[PDB]
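*Asks:* Could you have a look at this structure, given as structure tokens, before my questions?
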Amino acid sequence: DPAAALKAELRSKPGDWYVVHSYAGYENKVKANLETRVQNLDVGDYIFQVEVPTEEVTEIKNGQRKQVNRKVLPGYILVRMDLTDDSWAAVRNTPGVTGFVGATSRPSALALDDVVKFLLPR
Amino acid sequence: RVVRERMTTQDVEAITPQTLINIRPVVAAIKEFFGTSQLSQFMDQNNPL
Amino acid sequence: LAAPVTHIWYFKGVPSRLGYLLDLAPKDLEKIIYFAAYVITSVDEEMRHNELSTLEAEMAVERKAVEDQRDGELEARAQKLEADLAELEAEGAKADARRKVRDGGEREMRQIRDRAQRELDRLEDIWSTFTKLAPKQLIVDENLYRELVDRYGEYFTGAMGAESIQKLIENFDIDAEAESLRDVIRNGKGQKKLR
Amino acid sequence: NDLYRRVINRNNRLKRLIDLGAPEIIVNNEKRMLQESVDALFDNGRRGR
DNA sequence: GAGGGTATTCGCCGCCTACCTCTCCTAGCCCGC
DNA sequence: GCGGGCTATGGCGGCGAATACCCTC
RNA sequence: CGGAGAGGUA
């Protein structure tokens, strides 16, 4: 089962998946600058991965099928990290970013079931 | 702000001054001032005075 | 609308005509409506009252078991301390390393005790919430609400957003509230009467 | 028409997110945005910016 | 602490009528041909 | 490479209610 | 002819 396999794979890796809010099509640029700031600002100990869950919708527009890289959850960024103000800086101070999508008040981490559901190729 | 942003999302040894500078904000603020300001007033030309 | 939505006229316009109706502070509505806090739409009473004593016994057993596990951890830490003392007295290590390792060990013991107290206070907080859970109560700190629902999924129901206030209005009789306010007005008196 | 478009956009967004399934956090955030959009439509500027 | 009595602060509402003239009413960017 | 569509702190008074500070049980 | 701003007349 790919679901169980990815569950086991993500069980061991450090960092709890979190969610961040972006501005519409300004998402891939957001992840670009985010992991680039991981490379540069020396915050590689926090952001272990950045994912824009996106299945490309091949739809029949303009008389032909065309893929649309819609971000399954548009405007949202799934980023694996820890409780660090540095990762908050590197994401929420990055371009095309609005803030961390907390549950009640502070940022909350997606349950591993949901992140496995949305990180699995559709 | 744009140049500082682009200063971290482009590889070194390919950056040049002309590829980091976007004039748009400046040429836009100048027009904003000279078209849509309370001080850039349509001149009164009733008589020379 | 895909989800219920409040009408801002009866929420934000001073006086908040939703706060007075539901007896909620405007900040409470600001939080519940804008997804900054959970609210107890209702709490079962008979399913609470009947099982109160049984759940008290269950919580006593739970606290005793957790305390026993913590005491076992402290016993393991004491075994580590004994091993440290044996190492110190085996070879020659003067007061520098002796104090270093002893301070390390006592710091570990204090950490274990802090964990103990924090867990005990978490359970005490859970029970205080359970013995005080009534409708129109905001449960901030999603982790606390998650613990409450996971340990006690039944005995209450909490929602969050506009639908929670819709539920509160549905489970809200107008005659009893009017009678209570009339009683507070005619009898009693004071700032209570003004409000 | 602009505000109506905002509300319709957010309603369709939240509809798709529920239909396709999503974590409760994301759906709650989208419901918050829909609430703010409707509040702006009825009375813009009363709450927040 | 709860409670009450006083203050204290902030949000909102209101601010004559009628008329003439003029200039601007997006910008950035991402996808498509 | 160019065109088109989609998205993103110099007011001032009155007033009330949503809230600081202090004595009492 | 809808909005914003500026100037002006009584």
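Letters for chains follow the order of the structure tokens (A, B, ...), residue numbers begin at 1 for each chain, and ligand numbers begin at 1 in the order shown.
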Near chain A, meaning an atom within 12 Å, which residues of chain F appear when counting only C-alpha atoms (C1' of nucleotides)? Write them as a ChimeraX atom specification.

*Replies:* /F:6-8

*Asks:* So that I can check the surroundings of residue 18 of chain F, please list as a list in words every protein, DNA and RNA residue that reaches within 10 Å of it, counting only C-alpha atoms (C1' of nucleotides) and ignoring chain neighbours fewer than 2 positions away.

*Replies:* residues 14, 15, 25, 26 and 27 of chain C; 9, 10 and 11 of chain E; 16 of chain F

*Asks:* Next, write the just-selected residues to a file, as a PDB file, in the first residue's frame, keeping C-alpha atoms (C1' of nucleotides) as the atom set.

*Replies:*
ATOM      1  CA  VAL C  14     -22.675  48.375  19.166  1.00  0.00           C
ATOM      2  CA  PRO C  15     -24.421  47.022  21.232  1.00  0.00           C
ATOM      3  CA  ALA C  25     -18.857  39.124  25.604  1.00  0.00           C
ATOM      4  CA  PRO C  26     -18.101  40.802  22.251  1.00  0.00           C
ATOM      5  CA  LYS C  27     -14.557  39.412  22.410  1.00  0.00           C
TER       6      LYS C  27
ATOM      7  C1'  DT E   9     -10.742  54.390  26.992  1.00  0.00           C
ATOM      8  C1'  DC E  10     -12.190  53.527  22.373  1.00  0.00           C
ATOM      9  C1'  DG E  11     -15.486  52.996  18.762  1.00  0.00           C
TER      10       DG E  11
ATOM     11  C1'  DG F  16     -22.474  54.735  25.352  1.00  0.00           C
TER      12       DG F  16
END

*Asks:* What does the structure give for the distance between atom CA of residue 9 of chain C and atom CA of residue 43 of chain D, in Å to one decimal?

*Replies:*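 Distance reported for this atom pair: 7.7 Å.
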
*Asks:* With only C-alpha atoms (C1' of nucleotides) as the counted atoms, please give the residues lying no more than 12 Å from residue 3 of chain F, apart from itself and same-chain residues fewer than 5 positions off, as a PyMOL selection string.

*Replies:* chain E and resi 31-33

*Asks:* Tell me, which residues of chain B carry DSSP helix (DSSP H, G or I), written as a ChimeraX atom specification?

*Replies:* /B:2-6,17-20,24-35

*Asks:* Provide as a count of residues only the residues of chain A at most 12 Å from chain D, counting only C-alpha atoms.

*Replies:* 34

*Asks:* Using only C-alpha atoms (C1' of nucleotides), what does the table of chain E residues within 12 Å of chain B look like, with each row giving the shortest atom pair and its distance in Å to one decimal, sorted by chain and ascending number, as a Markdown table?

*Replies:*
| residue | atom | partner | partner_atom | distance |
| --- | --- | --- | --- | --- |
| E:21 | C1' | B:44 | CA | 10.8 |
| E:22 | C1' | B:42 | CA | 7.0 |
| E:23 | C1' | B:42 | CA | 7.3 |
| E:24 | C1' | B:36 | CA | 6.0 |
| E:25 | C1' | B:36 | CA | 9.3 |
| E:26 | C1' | B:28 | CA | 10.1 |
| E:27 | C1' | B:28 | CA | 8.8 |
| E:28 | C1' | B:24 | CA | 9.2 |

*Asks:* For those residues, write N, CA and C atoms (P, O5', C5', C4', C3', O3' and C1' of nucleotides) to a file as an mmCIF file, in the first residue's frame.

*Replies:*
data_model
loop_
_atom_site.group_PDB
_atom_site.id
_atom_site.type_symbol
_atom_site.label_atom_id
_atom_site.label_comp_id
_atom_site.auth_asym_id
_atom_site.auth_seq_id
_atom_site.Cartn_x
_atom_site.Cartn_y
_atom_site.Cartn_z
ATOM 1 P P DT E 21 -20.290 72.869 -16.905
ATOM 2 O "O5'" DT E 21 -18.723 73.030 -16.626
ATOM 3 C "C5'" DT E 21 -18.026 74.150 -17.146
ATOM 4 C "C4'" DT E 21 -16.576 74.156 -16.697
ATOM 5 C "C3'" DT E 21 -15.823 72.862 -16.910
ATOM 6 O "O3'" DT E 21 -15.388 72.721 -18.255
ATOM 7 C "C1'" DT E 21 -15.338 73.727 -14.753
ATOM 8 P P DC E 22 -15.090 71.258 -18.850
ATOM 9 O "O5'" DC E 22 -13.759 70.798 -18.090
ATOM 10 C "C5'" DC E 22 -12.555 71.541 -18.252
ATOM 11 C "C4'" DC E 22 -11.502 71.106 -17.249
ATOM 12 C "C3'" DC E 22 -11.044 69.666 -17.378
ATOM 13 O "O3'" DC E 22 -10.005 69.546 -18.343
ATOM 14 C "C1'" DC E 22 -11.403 70.251 -15.072
ATOM 15 P P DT E 23 -9.714 68.132 -19.048
ATOM 16 O "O5'" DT E 23 -8.977 67.280 -17.913
ATOM 17 C "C5'" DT E 23 -7.728 67.718 -17.382
ATOM 18 C "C4'" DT E 23 -7.286 66.824 -16.238
ATOM 19 C "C3'" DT E 23 -7.055 65.365 -16.625
ATOM 20 O "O3'" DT E 23 -5.660 65.079 -16.696
ATOM 21 C "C1'" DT E 23 -8.371 65.569 -14.589
ATOM 22 P P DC E 24 -5.156 63.645 -17.220
ATOM 23 O "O5'" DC E 24 -5.308 62.698 -15.943
ATOM 24 C "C5'" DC E 24 -5.624 61.322 -16.108
ATOM 25 C "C4'" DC E 24 -5.899 60.667 -14.768
ATOM 26 C "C3'" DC E 24 -6.422 59.243 -14.847
ATOM 27 O "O3'" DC E 24 -5.338 58.315 -14.837
ATOM 28 C "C1'" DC E 24 -7.748 60.553 -13.317
ATOM 29 P P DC E 25 -5.569 56.777 -15.240
ATOM 30 O "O5'" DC E 25 -7.117 56.520 -14.936
ATOM 31 C "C5'" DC E 25 -7.606 55.189 -14.792
ATOM 32 C "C4'" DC E 25 -8.377 55.041 -13.492
ATOM 33 C "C3'" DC E 25 -9.550 54.063 -13.533
ATOM 34 O "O3'" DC E 25 -9.159 52.759 -13.130
ATOM 35 C "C1'" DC E 25 -10.266 56.168 -12.653
ATOM 36 P P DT E 26 -8.394 51.775 -14.140
ATOM 37 O "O5'" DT E 26 -6.942 51.656 -13.486
ATOM 38 C "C5'" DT E 26 -6.764 51.991 -12.111
ATOM 39 C "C4'" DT E 26 -5.312 51.882 -11.701
ATOM 40 C "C3'" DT E 26 -4.330 51.697 -12.839
ATOM 41 O "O3'" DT E 26 -3.029 52.148 -12.446
ATOM 42 C "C1'" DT E 26 -4.673 49.629 -11.673
ATOM 43 P P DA E 27 -1.732 51.847 -13.346
ATOM 44 O "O5'" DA E 27 -1.069 50.584 -12.620
ATOM 45 C "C5'" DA E 27 -1.061 50.515 -11.195
ATOM 46 C "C4'" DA E 27 -0.302 49.292 -10.708
ATOM 47 C "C3'" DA E 27 0.845 48.851 -11.598
ATOM 48 O "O3'" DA E 27 1.879 48.286 -10.808
ATOM 49 C "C1'" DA E 27 -0.829 47.166 -11.603
ATOM 50 P P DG E 28 3.317 47.978 -11.447
ATOM 51 O "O5'" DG E 28 3.462 46.397 -11.272
ATOM 52 C "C5'" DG E 28 3.237 45.815 -9.996
ATOM 53 C "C4'" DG E 28 2.951 44.333 -10.112
ATOM 54 C "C3'" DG E 28 3.920 43.566 -11.009
ATOM 55 O "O3'" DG E 28 4.443 42.453 -10.293
ATOM 56 C "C1'" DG E 28 1.666 43.125 -11.658
#

*Asks:* Dump as a tab-separated table the rows for residues of chain C within 12 Å of chain A: closest atom pair and distance in Å with one decimal, only C-alpha atoms counted, ordered by chain and rising residue number.

*Replies:*
residue	atom	partner	partner_atom	distance
C:31	CA	A:104	CA	9.1
C:32	CA	A:104	CA	9.7
C:33	CA	A:104	CA	11.7
C:34	CA	A:104	CA	9.8
C:35	CA	A:104	CA	6.6
C:36	CA	A:104	CA	4.8
C:37	CA	A:104	CA	5.3
C:38	CA	A:104	CA	7.3
C:39	CA	A:104	CA	11.1
C:138	CA	A:104	CA	10.8
C:139	CA	A:104	CA	9.1
C:140	CA	A:104	CA	6.5
C:141	CA	A:104	CA	6.4
C:142	CA	A:104	CA	5.5
C:143	CA	A:104	CA	9.0
C:144	CA	A:104	CA	10.6
C:145	CA	A:104	CA	9.9
C:146	CA	A:103	CA	10.9
C:159	CA	A:104	CA	11.7
C:160	CA	A:104	CA	9.3
C:161	CA	A:104	CA	10.9

*Asks:* Okay, now the selection with N, CA, C and O atoms, as a compact mmCIF listing (two decimals), in the first residue's frame?

*Replies:*
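This is the output file again06.txt:
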# COMPACT_ATOMS: atom_id res chain seq x y z
N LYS C 31 -13.96 35.91 18.75
CA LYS C 31 -13.12 34.71 18.66
C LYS C 31 -13.88 33.55 18.02
O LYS C 31 -13.39 32.91 17.09
N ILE C 32 -15.08 33.26 18.52
CA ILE C 32 -15.83 32.11 18.05
C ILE C 32 -16.17 32.26 16.57
O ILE C 32 -16.00 31.32 15.78
N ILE C 33 -16.66 33.43 16.18
CA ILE C 33 -17.06 33.65 14.79
C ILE C 33 -15.86 33.62 13.85
O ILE C 33 -15.98 33.09 12.74
N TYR C 34 -14.72 34.18 14.25
CA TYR C 34 -13.54 34.25 13.41
C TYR C 34 -12.52 33.17 13.75
O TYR C 34 -11.32 33.38 13.60
N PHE C 35 -13.00 32.01 14.22
CA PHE C 35 -12.21 30.78 14.26
C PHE C 35 -10.92 30.97 15.05
O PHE C 35 -9.84 30.51 14.66
N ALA C 36 -11.04 31.67 16.17
CA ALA C 36 -9.94 31.84 17.10
C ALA C 36 -10.17 31.14 18.43
O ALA C 36 -9.36 31.31 19.35
N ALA C 37 -11.23 30.35 18.56
CA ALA C 37 -11.51 29.64 19.80
C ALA C 37 -12.67 28.69 19.58
O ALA C 37 -13.56 28.95 18.77
N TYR C 38 -12.66 27.58 20.31
CA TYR C 38 -13.77 26.65 20.34
C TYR C 38 -14.80 27.10 21.36
O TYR C 38 -14.49 27.85 22.29
N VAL C 39 -16.04 26.65 21.18
CA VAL C 39 -17.12 26.96 22.10
C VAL C 39 -17.91 25.69 22.37
O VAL C 39 -18.17 24.90 21.46
N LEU C 138 -15.61 29.17 26.18
CA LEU C 138 -14.63 29.14 25.11
C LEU C 138 -13.42 28.32 25.54
O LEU C 138 -12.81 28.61 26.58
N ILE C 139 -13.07 27.31 24.75
CA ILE C 139 -11.93 26.44 25.06
C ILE C 139 -10.84 26.77 24.04
O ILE C 139 -10.78 26.21 22.95
N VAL C 140 -9.97 27.70 24.42
CA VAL C 140 -8.79 28.08 23.64
C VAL C 140 -7.72 27.02 23.87
O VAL C 140 -7.93 26.09 24.66
N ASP C 141 -6.59 27.12 23.17
CA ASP C 141 -5.53 26.13 23.28
C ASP C 141 -5.98 24.78 22.73
O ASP C 141 -6.22 23.83 23.49
N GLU C 142 -6.11 24.72 21.40
CA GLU C 142 -6.61 23.53 20.70
C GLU C 142 -6.08 22.24 21.30
O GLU C 142 -6.78 21.22 21.29
N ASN C 143 -4.85 22.23 21.80
CA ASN C 143 -4.30 21.01 22.39
C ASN C 143 -5.14 20.57 23.59
O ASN C 143 -5.41 19.37 23.76
N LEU C 144 -5.56 21.52 24.43
CA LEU C 144 -6.39 21.18 25.58
C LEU C 144 -7.73 20.58 25.15
O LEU C 144 -8.18 19.57 25.70
N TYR C 145 -8.37 21.20 24.15
CA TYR C 145 -9.63 20.67 23.65
C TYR C 145 -9.44 19.29 23.03
O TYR C 145 -10.31 18.41 23.17
N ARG C 146 -8.32 19.09 22.34
CA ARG C 146 -8.04 17.79 21.75
C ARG C 146 -7.89 16.73 22.83
O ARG C 146 -8.41 15.61 22.69
N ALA C 159 -18.17 23.12 19.11
CA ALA C 159 -18.04 23.49 17.71
C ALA C 159 -17.26 24.79 17.64
O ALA C 159 -16.79 25.31 18.66
N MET C 160 -17.11 25.33 16.43
CA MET C 160 -16.32 26.53 16.25
C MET C 160 -16.63 27.18 14.90
O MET C 160 -16.59 26.51 13.86
N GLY C 161 -16.94 28.47 14.92
CA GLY C 161 -17.35 29.20 13.74
C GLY C 161 -18.78 29.69 13.86
O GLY C 161 -19.36 29.77 14.95

*Asks:* Write out as a ChimeraX atom specification the residues lying within 9 Å of segment 104-118 of chain C, counting only C-alpha atoms (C1' of nucleotides) and excluding same-chain residues fewer than 4 positions away.

*Replies:* /C:66-67,70-71,73-74,77-78,80-81,84,99-100,122-123

*Asks:* Of the candidates B:21, B:46, B:12, B:30, which one gets nearest to chain G if we count only C-alpha atoms (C1' of nucleotides)?

*Replies:*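 Among the listed residues, the smallest separation from chain G belongs to B:46.
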
*Asks:* What separation in Å, quoted to one decimal, exists between atom CA of residue 28 of chain C and atom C1' of residue 6 of chain E?

*Replies:*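 According to the coordinates, atom CA of residue 28 of chain C and atom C1' of residue 6 of chain E are separated by 25.6 Å.
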
*Asks:* With chain B as the partner and 9 Å as the cut-off, tabulate the residues of chain G that qualify, each row holding the nearest pair of atoms and their distance in Å to one decimal, using only C-alpha atoms (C1' of nucleotides), sorted by chain and rising number, as a Markdown table.

*Replies:*
| residue | atom | partner | partner_atom | distance |
| --- | --- | --- | --- | --- |
| G:4 | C1' | B:36 | CA | 8.9 |
| G:5 | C1' | B:38 | CA | 6.4 |
| G:6 | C1' | B:38 | CA | 6.1 |
| G:7 | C1' | B:42 | CA | 8.2 |

*Asks:* Up to 10 Å from chain C, what residues of chain E turn up? Count only C-alpha atoms (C1' of nucleotides) and give them as number ranges by chain.

*Replies:* E: 4-5, 11-12

*Asks:* Could you write those residues out with N, CA and C atoms (P, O5', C5', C4', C3', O3' and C1' of nucleotides), as a compact mmCIF listing (two decimals), in the first residue's frame?

*Replies:*
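Written output follows (again.txt):
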# COMPACT_ATOMS: atom_id res chain seq x y z
P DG E 4 -21.97 41.98 41.70
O5' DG E 4 -21.86 43.51 42.21
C5' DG E 4 -21.80 43.76 43.63
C4' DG E 4 -21.14 45.09 43.87
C3' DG E 4 -21.57 46.19 42.89
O3' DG E 4 -22.18 47.27 43.58
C1' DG E 4 -19.20 46.14 43.19
P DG E 5 -22.46 48.59 42.69
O5' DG E 5 -21.13 49.48 42.92
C5' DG E 5 -20.78 49.86 44.27
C4' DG E 5 -19.90 51.08 44.25
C3' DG E 5 -20.36 52.20 43.31
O3' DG E 5 -20.06 53.49 43.85
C1' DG E 5 -18.29 51.26 42.53
P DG E 11 -10.66 51.61 18.66
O5' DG E 11 -11.98 51.30 17.82
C5' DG E 11 -12.99 50.44 18.35
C4' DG E 11 -14.37 51.03 18.17
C3' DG E 11 -14.58 51.79 16.86
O3' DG E 11 -15.41 51.04 15.99
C1' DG E 11 -15.49 53.00 18.76
P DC E 12 -15.78 51.60 14.53
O5' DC E 12 -17.10 52.45 14.79
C5' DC E 12 -18.11 51.95 15.66
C4' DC E 12 -19.22 52.97 15.83
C3' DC E 12 -19.53 53.77 14.57
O3' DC E 12 -20.92 53.76 14.30
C1' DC E 12 -19.11 55.24 16.39

*Asks:* Report the distance between atom CA of residue 45 of chain C and atom CA of residue 63 of chain C in Å, rounded to one decimal place.

*Replies:* 24.0 Å

*Asks:* Near chain C, meaning an atom within 7 Å, which residues of chain D appear when counting only C-alpha atoms? Write them as number ranges by chain.

*Replies:* D: 11, 14-15, 28, 31-32, 35, 39

*Asks:* Write the residues of the selection above to a file with N, CA and C atoms, as a PDB file, in the first residue's frame.

*Replies:*
ATOM      1  N   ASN D  11     -16.641  31.359  -1.583  1.00  0.00           N
ATOM      2  CA  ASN D  11     -17.631  30.305  -1.415  1.00  0.00           C
ATOM      3  C   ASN D  11     -17.287  29.099  -2.278  1.00  0.00           C
ATOM      4  N   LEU D  14     -14.211  27.293  -0.776  1.00  0.00           N
ATOM      5  CA  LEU D  14     -14.542  26.502   0.402  1.00  0.00           C
ATOM      6  C   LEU D  14     -15.389  25.294   0.032  1.00  0.00           C
ATOM      7  N   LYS D  15     -16.237  25.439  -0.985  1.00  0.00           N
ATOM      8  CA  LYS D  15     -17.036  24.327  -1.477  1.00  0.00           C
ATOM      9  C   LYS D  15     -16.151  23.231  -2.053  1.00  0.00           C
ATOM     10  N   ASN D  28     -11.358  25.445   8.193  1.00  0.00           N
ATOM     11  CA  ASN D  28     -11.694  26.507   9.135  1.00  0.00           C
ATOM     12  C   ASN D  28     -11.126  27.844   8.681  1.00  0.00           C
ATOM     13  N   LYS D  31     -13.315  29.068   5.912  1.00  0.00           N
ATOM     14  CA  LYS D  31     -14.570  29.576   6.451  1.00  0.00           C
ATOM     15  C   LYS D  31     -14.374  30.949   7.081  1.00  0.00           C
ATOM     16  N   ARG D  32     -13.235  31.164   7.744  1.00  0.00           N
ATOM     17  CA  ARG D  32     -12.937  32.493   8.270  1.00  0.00           C
ATOM     18  C   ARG D  32     -12.858  33.517   7.147  1.00  0.00           C
ATOM     19  N   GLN D  35     -16.317  34.274   5.962  1.00  0.00           N
ATOM     20  CA  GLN D  35     -16.982  35.140   6.927  1.00  0.00           C
ATOM     21  C   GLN D  35     -16.543  36.584   6.743  1.00  0.00           C
ATOM     22  N   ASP D  39     -18.850  39.752   5.614  1.00  0.00           N
ATOM     23  CA  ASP D  39     -18.878  40.936   6.462  1.00  0.00           C
ATOM     24  C   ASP D  39     -18.500  42.178   5.670  1.00  0.00           C
TER      25      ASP D  39
END

*Asks:* Which residues come within 12 Å of residue 14 of chain E, counting only C-alpha atoms (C1' of nucleotides), excluding same-chain residues fewer than 5 positions away, as an MDAnalysis selection string?

*Replies:* chainID F and resid 12:15
